[PDB]
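Peer 1: Structure: work.cif, mmCIF, N, CA, C and O atoms and all ligand atoms.
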```cif
data_my_file
loop_
_atom_site.label_atom_id
_atom_site.label_comp_id
_atom_site.auth_asym_id
_atom_site.auth_seq_id
_atom_site.Cartn_x
_atom_site.Cartn_y
_atom_site.Cartn_z
N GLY L 1 104.15 95.83 86.54
CA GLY L 1 103.57 95.83 87.86
C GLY L 1 103.40 97.24 88.38
O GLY L 1 103.68 98.22 87.68
N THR L 2 102.90 97.32 89.61
CA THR L 2 102.66 98.58 90.30
C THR L 2 103.42 98.54 91.61
O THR L 2 103.34 97.54 92.34
N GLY L 3 104.14 99.60 91.92
CA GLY L 3 104.88 99.63 93.17
C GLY L 3 105.80 100.83 93.25
O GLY L 3 105.90 101.64 92.33
N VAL L 4 106.45 100.92 94.41
CA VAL L 4 107.42 101.95 94.72
C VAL L 4 108.81 101.36 94.50
O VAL L 4 109.12 100.29 95.04
N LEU L 5 109.63 102.05 93.72
CA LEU L 5 110.99 101.61 93.42
C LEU L 5 111.96 102.37 94.31
O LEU L 5 111.85 103.59 94.44
N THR L 6 112.89 101.64 94.92
CA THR L 6 113.90 102.27 95.77
C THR L 6 115.26 101.68 95.44
O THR L 6 115.37 100.64 94.79
N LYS L 7 116.31 102.36 95.90
CA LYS L 7 117.66 101.84 95.71
C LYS L 7 117.82 100.58 96.55
O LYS L 7 117.51 100.58 97.74
N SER L 8 118.31 99.52 95.92
CA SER L 8 118.47 98.23 96.58
C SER L 8 119.90 98.03 97.07
O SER L 8 120.86 98.55 96.49
N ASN L 9 120.02 97.27 98.15
CA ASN L 9 121.30 96.84 98.68
C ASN L 9 121.65 95.41 98.26
O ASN L 9 122.59 94.83 98.81
N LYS L 10 120.87 94.82 97.35
CA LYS L 10 121.12 93.47 96.87
C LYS L 10 122.25 93.46 95.84
O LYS L 10 122.37 94.38 95.02
N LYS L 11 123.07 92.41 95.88
CA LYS L 11 124.21 92.23 94.97
C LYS L 11 123.85 91.14 93.97
O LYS L 11 123.97 89.94 94.27
N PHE L 12 123.42 91.55 92.78
CA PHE L 12 123.02 90.61 91.74
C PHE L 12 124.23 90.13 90.95
O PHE L 12 125.15 90.89 90.66
N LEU L 13 124.21 88.84 90.61
CA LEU L 13 125.26 88.24 89.82
C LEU L 13 125.13 88.75 88.38
O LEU L 13 124.07 89.23 87.99
N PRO L 14 126.22 88.68 87.57
CA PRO L 14 126.14 89.19 86.19
C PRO L 14 125.01 88.64 85.33
O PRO L 14 124.63 89.27 84.34
N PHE L 15 124.48 87.47 85.69
CA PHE L 15 123.42 86.82 84.92
C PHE L 15 122.04 86.98 85.55
O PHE L 15 121.09 86.37 85.07
N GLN L 16 121.91 87.79 86.60
CA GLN L 16 120.65 87.97 87.30
C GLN L 16 120.11 89.38 87.09
O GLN L 16 120.82 90.37 87.32
N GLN L 17 118.86 89.47 86.65
CA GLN L 17 118.14 90.72 86.45
C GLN L 17 117.02 90.94 87.45
O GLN L 17 116.64 92.09 87.68
N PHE L 18 116.51 89.87 88.04
CA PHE L 18 115.35 89.91 88.91
C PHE L 18 115.68 89.19 90.20
O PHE L 18 116.51 88.27 90.21
N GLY L 19 115.05 89.61 91.29
CA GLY L 19 115.15 88.90 92.55
C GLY L 19 113.81 88.44 93.04
O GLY L 19 112.77 89.00 92.67
N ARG L 20 113.81 87.47 93.96
CA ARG L 20 112.59 86.91 94.51
C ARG L 20 112.65 86.92 96.02
O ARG L 20 113.72 86.76 96.62
N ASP L 21 111.49 87.09 96.63
CA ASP L 21 111.33 87.05 98.07
C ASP L 21 111.01 85.62 98.52
O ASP L 21 111.05 84.67 97.73
N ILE L 22 110.71 85.47 99.81
CA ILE L 22 110.42 84.16 100.39
C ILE L 22 109.16 83.51 99.82
O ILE L 22 108.98 82.30 100.01
N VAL L 23 108.30 84.24 99.11
CA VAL L 23 107.07 83.67 98.55
C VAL L 23 107.13 83.56 97.02
O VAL L 23 106.10 83.44 96.37
N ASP L 24 108.34 83.60 96.45
CA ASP L 24 108.56 83.39 95.02
C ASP L 24 107.83 84.40 94.14
O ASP L 24 107.25 84.04 93.11
N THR L 25 107.80 85.67 94.55
CA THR L 25 107.32 86.75 93.70
C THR L 25 108.46 87.74 93.50
O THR L 25 109.44 87.73 94.23
N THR L 26 108.29 88.62 92.52
CA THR L 26 109.35 89.57 92.17
C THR L 26 109.48 90.61 93.28
O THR L 26 108.48 91.16 93.74
N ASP L 27 110.72 90.87 93.71
CA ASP L 27 110.95 91.91 94.71
C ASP L 27 112.13 92.81 94.31
O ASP L 27 112.37 93.82 94.97
N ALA L 28 112.71 92.61 93.13
CA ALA L 28 113.81 93.47 92.72
C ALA L 28 114.04 93.33 91.22
O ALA L 28 113.78 92.28 90.64
N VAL L 29 114.50 94.42 90.60
CA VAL L 29 114.87 94.42 89.19
C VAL L 29 116.20 95.14 88.98
O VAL L 29 116.63 95.95 89.80
N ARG L 30 116.87 94.79 87.89
CA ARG L 30 118.04 95.50 87.39
C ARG L 30 117.57 96.45 86.29
O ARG L 30 116.92 96.02 85.34
N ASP L 31 117.91 97.73 86.42
CA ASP L 31 117.51 98.69 85.40
C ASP L 31 118.25 98.36 84.10
O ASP L 31 119.48 98.26 84.11
N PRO L 32 117.55 98.17 82.97
CA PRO L 32 118.25 97.75 81.74
C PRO L 32 119.29 98.71 81.19
O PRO L 32 120.11 98.28 80.37
N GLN L 33 119.30 99.99 81.60
CA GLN L 33 120.26 100.95 81.08
C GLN L 33 121.34 101.37 82.07
O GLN L 33 122.47 101.61 81.65
N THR L 34 121.03 101.44 83.36
CA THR L 34 121.98 101.89 84.37
C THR L 34 122.61 100.73 85.13
O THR L 34 123.64 100.93 85.78
N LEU L 35 122.00 99.55 85.09
CA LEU L 35 122.45 98.35 85.80
C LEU L 35 122.36 98.52 87.31
O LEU L 35 122.96 97.73 88.06
N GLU L 36 121.63 99.53 87.78
CA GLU L 36 121.36 99.69 89.20
C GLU L 36 120.31 98.67 89.63
O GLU L 36 119.38 98.37 88.88
N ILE L 37 120.46 98.14 90.84
CA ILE L 37 119.48 97.20 91.38
C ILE L 37 118.48 98.00 92.18
O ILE L 37 118.85 98.80 93.05
N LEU L 38 117.20 97.82 91.87
CA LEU L 38 116.10 98.51 92.52
C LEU L 38 115.20 97.52 93.23
O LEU L 38 114.88 96.45 92.69
N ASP L 39 114.80 97.87 94.45
CA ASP L 39 113.84 97.08 95.20
C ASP L 39 112.44 97.55 94.82
O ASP L 39 112.22 98.74 94.57
N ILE L 40 111.49 96.61 94.84
CA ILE L 40 110.09 96.88 94.55
C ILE L 40 109.29 96.64 95.82
O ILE L 40 109.28 95.53 96.36
N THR L 41 108.62 97.69 96.30
CA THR L 41 107.76 97.61 97.48
C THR L 41 106.33 97.87 97.02
O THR L 41 106.08 98.95 96.46
N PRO L 42 105.38 96.95 97.16
CA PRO L 42 104.00 97.25 96.75
C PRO L 42 103.47 98.50 97.43
O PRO L 42 103.80 98.79 98.58
N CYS L 43 102.64 99.24 96.71
CA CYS L 43 102.09 100.47 97.26
C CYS L 43 101.14 100.13 98.39
O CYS L 43 100.42 99.13 98.33
N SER L 44 101.17 100.95 99.45
CA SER L 44 100.39 100.66 100.65
C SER L 44 98.91 100.50 100.33
O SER L 44 98.34 101.24 99.53
N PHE L 45 98.30 99.52 100.99
CA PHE L 45 96.89 99.23 100.84
C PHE L 45 96.43 98.54 102.11
O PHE L 45 97.23 98.11 102.93
N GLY L 46 95.11 98.46 102.27
CA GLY L 46 94.59 97.79 103.45
C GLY L 46 93.08 97.86 103.48
O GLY L 46 92.44 98.31 102.52
N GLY L 47 92.51 97.37 104.57
CA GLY L 47 91.08 97.38 104.71
C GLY L 47 90.58 98.72 105.24
O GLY L 47 91.32 99.49 105.85
N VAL L 48 89.31 98.99 104.99
CA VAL L 48 88.62 100.18 105.48
C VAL L 48 87.42 99.70 106.27
O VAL L 48 86.59 98.96 105.75
N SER L 49 87.33 100.13 107.53
CA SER L 49 86.20 99.82 108.39
C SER L 49 85.47 101.11 108.68
O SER L 49 86.09 102.16 108.85
N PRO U 1 95.51 94.58 149.44
CA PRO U 1 95.94 95.65 150.34
C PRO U 1 97.41 95.95 150.16
O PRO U 1 98.16 95.09 149.68
N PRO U 2 97.88 97.16 150.50
CA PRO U 2 99.32 97.43 150.37
C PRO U 2 100.19 96.64 151.32
O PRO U 2 101.40 96.54 151.07
N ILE U 3 99.64 96.07 152.39
CA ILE U 3 100.45 95.32 153.34
C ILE U 3 100.89 93.99 152.75
O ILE U 3 102.06 93.59 152.88
N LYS U 4 99.98 93.28 152.07
CA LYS U 4 100.27 91.97 151.47
C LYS U 4 100.81 90.96 152.48
O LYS U 4 101.78 90.25 152.21
N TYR U 5 100.18 90.91 153.65
CA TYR U 5 100.49 89.91 154.67
C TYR U 5 99.25 89.03 154.78
O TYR U 5 98.18 89.51 155.17
N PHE U 6 99.41 87.75 154.46
CA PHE U 6 98.30 86.80 154.42
C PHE U 6 98.52 85.61 155.34
O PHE U 6 98.11 84.50 155.04
N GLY U 7 99.19 85.83 156.48
CA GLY U 7 99.40 84.75 157.42
C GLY U 7 100.56 83.85 157.09
O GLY U 7 100.56 82.69 157.51
N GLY U 8 101.54 84.34 156.34
CA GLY U 8 102.68 83.56 155.93
C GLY U 8 102.63 83.08 154.49
O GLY U 8 103.63 82.56 153.99
N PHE U 9 101.49 83.25 153.82
CA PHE U 9 101.36 82.85 152.43
C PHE U 9 101.90 83.96 151.54
O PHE U 9 101.39 85.08 151.56
N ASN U 10 102.93 83.64 150.76
CA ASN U 10 103.62 84.60 149.91
C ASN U 10 103.08 84.48 148.49
O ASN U 10 103.28 83.46 147.83
N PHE U 11 102.38 85.53 148.03
CA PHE U 11 101.78 85.57 146.70
C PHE U 11 102.54 86.51 145.78
O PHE U 11 102.01 86.90 144.73
N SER U 12 103.77 86.89 146.14
CA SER U 12 104.53 87.84 145.35
C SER U 12 104.76 87.36 143.93
O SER U 12 104.88 88.18 143.01
N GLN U 13 104.84 86.05 143.73
CA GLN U 13 105.13 85.52 142.41
C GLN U 13 103.92 85.52 141.48
O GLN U 13 104.10 85.42 140.26
N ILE U 14 102.70 85.63 142.02
CA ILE U 14 101.49 85.61 141.22
C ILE U 14 100.83 86.98 141.12
O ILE U 14 100.05 87.21 140.18
N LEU U 15 101.10 87.89 142.06
CA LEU U 15 100.54 89.24 142.05
C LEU U 15 101.37 90.16 141.15
O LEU U 15 102.55 89.90 140.91
N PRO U 16 100.76 91.23 140.62
CA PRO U 16 101.51 92.15 139.75
C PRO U 16 102.75 92.72 140.41
O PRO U 16 102.74 93.08 141.59
N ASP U 17 103.83 92.80 139.64
CA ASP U 17 105.08 93.39 140.10
C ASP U 17 105.12 94.84 139.65
O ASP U 17 105.30 95.09 138.45
N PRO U 18 104.94 95.83 140.54
CA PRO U 18 104.87 97.23 140.06
C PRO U 18 106.15 97.74 139.42
O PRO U 18 106.11 98.76 138.73
N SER U 19 107.29 97.06 139.63
CA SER U 19 108.55 97.50 139.05
C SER U 19 108.50 97.47 137.52
O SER U 19 109.06 98.35 136.86
N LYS U 20 107.84 96.48 136.96
CA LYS U 20 107.80 96.31 135.52
C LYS U 20 106.73 97.22 134.92
O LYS U 20 105.66 97.38 135.52
N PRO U 21 106.97 97.84 133.76
CA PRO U 21 105.93 98.72 133.18
C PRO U 21 104.67 97.99 132.78
O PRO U 21 103.62 98.64 132.65
N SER U 22 104.71 96.67 132.57
CA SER U 22 103.52 95.93 132.19
C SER U 22 102.67 95.52 133.38
O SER U 22 101.52 95.12 133.18
N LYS U 23 103.19 95.64 134.61
CA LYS U 23 102.46 95.27 135.82
C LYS U 23 101.93 93.84 135.75
O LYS U 23 100.79 93.56 136.12
N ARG U 24 102.76 92.94 135.25
CA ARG U 24 102.46 91.52 135.18
C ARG U 24 103.20 90.84 136.33
O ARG U 24 104.20 91.36 136.83
N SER U 25 102.71 89.68 136.74
CA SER U 25 103.40 88.96 137.79
C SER U 25 104.69 88.37 137.23
O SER U 25 104.86 88.27 136.02
N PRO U 26 105.64 88.01 138.11
CA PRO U 26 106.83 87.28 137.63
C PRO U 26 106.50 86.05 136.81
O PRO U 26 107.14 85.79 135.78
N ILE U 27 105.48 85.30 137.22
CA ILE U 27 105.10 84.11 136.47
C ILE U 27 104.47 84.50 135.14
O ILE U 27 104.76 83.89 134.11
N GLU U 28 103.60 85.51 135.13
CA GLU U 28 103.02 85.92 133.85
C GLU U 28 104.10 86.45 132.91
O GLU U 28 104.09 86.16 131.71
N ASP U 29 105.06 87.20 133.45
CA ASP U 29 106.14 87.73 132.62
C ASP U 29 106.97 86.59 132.04
O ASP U 29 107.36 86.62 130.86
N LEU U 30 107.20 85.56 132.84
CA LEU U 30 107.92 84.39 132.36
C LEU U 30 107.14 83.69 131.26
O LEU U 30 107.70 83.28 130.24
N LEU U 31 105.82 83.54 131.45
CA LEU U 31 104.99 82.86 130.46
C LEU U 31 104.98 83.62 129.15
O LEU U 31 104.99 83.02 128.07
N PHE U 32 104.94 84.95 129.22
CA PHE U 32 104.96 85.76 128.00
C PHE U 32 106.32 85.68 127.31
O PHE U 32 106.39 85.66 126.08
N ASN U 33 107.40 85.63 128.09
CA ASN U 33 108.72 85.51 127.47
C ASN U 33 108.95 84.14 126.85
O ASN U 33 109.69 84.03 125.87
N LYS U 34 108.32 83.09 127.39
CA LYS U 34 108.53 81.75 126.83
C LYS U 34 107.86 81.57 125.47
O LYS U 34 108.43 80.93 124.58
N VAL U 35 106.66 82.11 125.28
CA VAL U 35 105.95 81.93 124.02
C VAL U 35 106.48 82.93 123.00
O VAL U 35 106.55 84.14 123.26
N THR U 36 106.83 82.43 121.82
CA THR U 36 107.37 83.23 120.72
C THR U 36 106.26 83.47 119.72
O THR U 36 105.66 82.51 119.21
N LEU U 37 105.98 84.74 119.43
CA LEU U 37 104.93 85.12 118.49
C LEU U 37 105.50 86.11 117.48
O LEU U 37 106.02 87.16 117.87
N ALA U 38 105.40 85.77 116.20
CA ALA U 38 105.83 86.64 115.11
C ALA U 38 104.67 87.27 114.37
O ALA U 38 104.83 88.36 113.81
N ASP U 39 103.50 86.63 114.37
CA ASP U 39 102.34 87.12 113.63
C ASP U 39 101.60 88.13 114.51
O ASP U 39 100.48 87.92 114.98
N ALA U 40 102.27 89.26 114.72
CA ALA U 40 101.73 90.33 115.54
C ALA U 40 100.58 91.04 114.84
O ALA U 40 100.54 91.15 113.61
N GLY U 41 99.64 91.53 115.64
CA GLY U 41 98.52 92.30 115.15
C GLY U 41 98.82 93.79 115.10
O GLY U 41 97.91 94.59 114.86
N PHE U 42 100.08 94.17 115.31
CA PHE U 42 100.52 95.54 115.28
C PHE U 42 100.59 96.05 113.85
O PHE U 42 100.64 95.27 112.89
N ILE U 43 100.55 97.38 113.70
CA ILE U 43 100.76 97.96 112.38
C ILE U 43 102.18 97.59 111.98
O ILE U 43 103.11 97.73 112.77
N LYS U 44 102.34 97.10 110.75
CA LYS U 44 103.65 96.70 110.25
C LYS U 44 103.98 97.44 108.96
O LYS U 44 103.81 96.94 107.85
N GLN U 45 104.45 98.67 109.15
CA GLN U 45 104.95 99.54 108.10
C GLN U 45 106.43 99.86 108.34
O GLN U 45 106.95 100.83 107.77
N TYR U 46 107.11 99.06 109.16
CA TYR U 46 108.50 99.30 109.54
C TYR U 46 109.46 98.37 108.80
O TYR U 46 110.67 98.43 109.05
N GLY U 47 108.95 97.52 107.92
CA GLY U 47 109.76 96.78 106.98
C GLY U 47 109.69 97.52 105.66
O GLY U 47 108.99 98.53 105.58
N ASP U 48 110.18 96.87 104.59
CA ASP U 48 110.39 97.28 103.16
C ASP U 48 111.76 97.94 103.01
O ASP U 48 112.09 98.35 101.89
N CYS U 49 112.56 98.05 104.07
CA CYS U 49 113.91 98.60 104.00
C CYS U 49 114.90 97.61 104.58
O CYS U 49 114.76 97.17 105.72
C1 LIG T 101 108.20 86.24 148.86
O1 LIG T 101 109.13 85.45 148.10
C2 LIG T 101 110.08 86.21 147.34
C3 LIG T 101 110.91 85.21 146.58
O2 LIG T 101 111.45 84.22 147.45
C4 LIG T 101 110.90 87.09 148.28
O3 LIG T 101 111.79 87.90 147.52
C5 LIG T 101 113.15 87.48 147.70
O4 LIG T 101 113.74 88.03 148.90
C6 LIG T 101 115.10 87.64 149.13
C7 LIG T 101 115.53 88.27 150.43
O5 LIG T 101 115.16 89.64 150.48
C8 LIG T 101 115.97 88.07 147.95
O6 LIG T 101 117.30 87.60 148.15
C9 LIG T 101 118.22 88.70 148.25
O7 LIG T 101 118.39 89.36 147.00
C10 LIG T 101 119.32 90.48 147.03
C11 LIG T 101 119.33 91.10 145.64
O8 LIG T 101 120.21 92.21 145.66
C12 LIG T 101 120.70 89.96 147.47
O9 LIG T 101 121.62 91.03 147.56
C13 LIG T 101 120.57 89.27 148.83
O10 LIG T 101 121.85 88.81 149.24
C14 LIG T 101 119.57 88.13 148.75
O11 LIG T 101 120.09 87.17 147.85
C15 LIG T 101 115.41 87.47 146.67
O12 LIG T 101 116.18 87.89 145.55
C16 LIG T 101 113.97 87.92 146.49
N1 LIG T 101 113.41 87.39 145.26
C17 LIG T 101 112.43 87.99 144.58
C18 LIG T 101 111.98 87.29 143.33
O13 LIG T 101 111.92 89.04 144.96
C19 LIG T 101 109.95 87.98 149.08
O14 LIG T 101 110.69 88.78 149.99
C20 LIG T 101 108.97 87.11 149.84
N2 LIG T 101 108.06 87.93 150.63
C21 LIG T 101 107.66 87.61 151.86
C22 LIG T 101 106.73 88.59 152.52
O15 LIG T 101 108.02 86.59 152.42
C1 LIG T 102 122.92 103.31 77.06
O1 LIG T 102 123.71 104.49 76.80
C2 LIG T 102 124.08 105.21 77.99
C3 LIG T 102 124.84 106.44 77.55
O2 LIG T 102 125.06 107.33 78.64
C4 LIG T 102 124.89 104.30 78.91
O3 LIG T 102 125.21 105.00 80.11
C5 LIG T 102 124.08 103.06 79.23
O4 LIG T 102 124.82 102.18 80.06
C6 LIG T 102 123.72 102.36 77.93
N1 LIG T 102 122.96 101.14 78.20
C7 LIG T 102 123.20 99.97 77.59
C8 LIG T 102 122.32 98.83 78.00
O5 LIG T 102 124.09 99.84 76.76
#
```
Could you write out this structure as structure tokens?
Ligand SMILES: *[C@@H]1O[C@H](CO)[C@@H](O[C@@H]2O[C@H](CO)[C@@H](O[C@@H]3O[C@H](CO)[C@@H](O)[C@H](O)[C@@H]3O)[C@H](O)[C@H]2NC(C)=O)[C@H](O)[C@H]1NC(C)=O
Ligand SMILES: *[C@@H]1O[C@H](CO)[C@@H](O)[C@H](O)[C@H]1NC(C)=O

Peer 2:
Amino acid sequence: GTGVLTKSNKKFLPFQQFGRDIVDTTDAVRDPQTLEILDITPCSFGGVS
Amino acid sequence: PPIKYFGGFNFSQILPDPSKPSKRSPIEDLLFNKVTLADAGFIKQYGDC
């Protein structure tokens, strides 16, 4: 995917690598080497008038 | 008029209240406080944290 990664405050269980938001899309990952939880924020976009 | 004397008819509850920064009447202020709106048309770049 495409997005901005930031340090997350989410507490993932030992068997959880990914998190989901209220609309059932990915909003967090566990780094496979550091085991840090990172939040994913889509890069800013919008309309142009 | 600044006098606001109408022969005993008190319109203070429907006329703008200058004390409030929105200059809405007490009834209008009450009506705005009663309705709950989350889908604001404001710029929303204050989440993702
Ligand atoms: C038009 O109607 C409004 C509402 O009835 C009048 O305002 C009200 O005036 C009374 C008396 O001044 C206020 O009561 C007092 O409030 C103070 C607050 O500190 C309290 O210490 C007193 O013991 C007494 O309870 C009342 O709160 C006030 N209400 C509002 C919403 O302003 C107004 O004076 C009327 N105007 C005319 C021209 O008749
Ligand atoms: C990979 O090796 C590094 C060595 O510094 C270690 O810190 C990291 O946790 C290791 N990752 C896995 C998945 O074993």

Peer 1: Could the residues of chain L that have an atom at most 12 Å from ligand LIG 102 (chain T) be listed as JSON lines, each with its closest atom pair and the distance in Å to one decimal, counting only C-alpha atoms and all ligand atoms and ordered by chain and ascending residue number?

Peer 2:
```
{"residue": "L:30", "atom": "CA", "partner": "T:LIG102", "partner_atom": "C8", "distance": 10.8}
{"residue": "L:31", "atom": "CA", "partner": "T:LIG102", "partner_atom": "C8", "distance": 8.8}
{"residue": "L:32", "atom": "CA", "partner": "T:LIG102", "partner_atom": "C8", "distance": 5.6}
{"residue": "L:33", "atom": "CA", "partner": "T:LIG102", "partner_atom": "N1", "distance": 4.0}
{"residue": "L:34", "atom": "CA", "partner": "T:LIG102", "partner_atom": "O4", "distance": 5.2}
{"residue": "L:35", "atom": "CA", "partner": "T:LIG102", "partner_atom": "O4", "distance": 7.3}
{"residue": "L:36", "atom": "CA", "partner": "T:LIG102", "partner_atom": "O4", "distance": 10.1}
```

Peer 1: Set the cut-off to 8 Å, count only C-alpha atoms and all ligand atoms, and list whatever residues fall near ligand LIG 101 (chain T) as a ChimeraX atom specification.

Peer 2: /U:4-5,8-13,26

Peer 1: Provide as a list in words the residues of chain U at most 9 Å from chain L, counting only C-alpha atoms.

Peer 2: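 Applying the cut-off to the listed atoms yields residues 45, 48 and 49 of chain U.
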
Peer 1: CA of residue 49 in chain L to CA of residue 42 in chain U: how many Å, to one decimal?

Peer 2: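 Taking CA of residue 49 in chain L as the start and CA of residue 42 in chain U as the end point, the length is 16.5 Å.
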
Peer 1: How big is the axis-aligned box around the listed atoms of range 1-11 of chain U once 8 Å is added on each side, and where is its centre? Give both in Å to one decimal, as lines of an AutoDock Vina configuration file.

Peer 2:
```
center_x = 99.6
center_y = 90.0
center_z = 151.1
size_x = 24.1
size_y = 30.9
size_z = 28.8
```

Peer 1: Assign secondary structure with DSSP using the backbone only, and return the residues of chain U in alpha helix (DSSP H) as a ChimeraX atom specification.

Peer 2: /U:26-34

Peer 1: What's the separation between CA of residue 2 in chain L and atom C of residue 43 in chain L, in Å to one decimal place?

Peer 2: 8.4 Å
